[PDB]
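Report on the structure given below.
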Amino acid sequence: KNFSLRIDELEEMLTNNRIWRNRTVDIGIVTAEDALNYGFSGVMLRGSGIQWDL
Amino acid sequence: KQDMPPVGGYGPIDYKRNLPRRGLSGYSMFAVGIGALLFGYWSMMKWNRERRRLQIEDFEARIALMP
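Protein chains in written order, with PDB author numbering: chain B, 249 to 302; chain V, 7 to 73.
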């Protein structure tokens, strides 16, 4: 009952932070159907497009 | 017959995501900034101008001697 505050700290550490957003935007964009021809499982799938999980 | 789950007493805790507290934004800022900065230069011209007056007094004691 008290874990959603601890995950409410990382939102203010990282998400609306600017330097970490600058360290991570548009980096390593593999999104094609070569990102499924490689036989990937989940995230680095569904985080890029295709909604599916077992 | 000694097993866990209670008959009642629950929350739950949220899954939510919220802390958007504003914050003094949007023409409130850029207005306290310029209003502070113009108080600075107004606090100049009362000291830098005044030090320029005592400066001439410092040269004054030189010139009244040296013949």
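Note that beta-carbon positions come from the ideal geometry of N, C-alpha and C, so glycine has one too.
How would you list, in chain order, the residues of chain B whose beta-carbon sits under 8 Å from the beta-carbon of residue i?
i, result
"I19(V)", "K249, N250, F251, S252"
"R28(V)", "Here the premise fails: no neighbours, minimum Cβ distance about 13 Å."
"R23(V)", "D256, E259"
Please list, in chain order, all residues of the same chain as residue i whose beta carbon is under 8 Å from its beta carbon, the five residues on each side excluded.
i, result
"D301(B)", "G290, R294"
"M10(V)", "none"
"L258(B)", "none"
Taking CB distances under 8 Å as the criterion, tell me whether residue i reaches chain D.
i, result
"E257(B)", "No chain D is present in this structure, whose protein chains are B and V."
Would you mind reading off the limits of the alpha helix (DSSP H) that contains residue i?
i, result
"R55(V)", "54–70"
"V38(V)", "38–49"
"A283(B)", "282–285"
"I267(B)", "266–271"
"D256(B)", "255–258"
What residues in its chain sit with their C-beta under 7 Å from that of residue i, if we drop five residues either side in the sequence?
i, result
"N250(B)", "none"
"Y33(V)", "none"
"residue 314(B)", "What the structure shows of chain B is the stretch from 249 to 302, and residue 314(B) is not part of that stretch, so it cannot be assessed."
Below 6 Å CB to CB, which residues in the same chain sit around residue i once its five sequence neighbours on both sides are set aside?
i, result
"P18(V)", "none"
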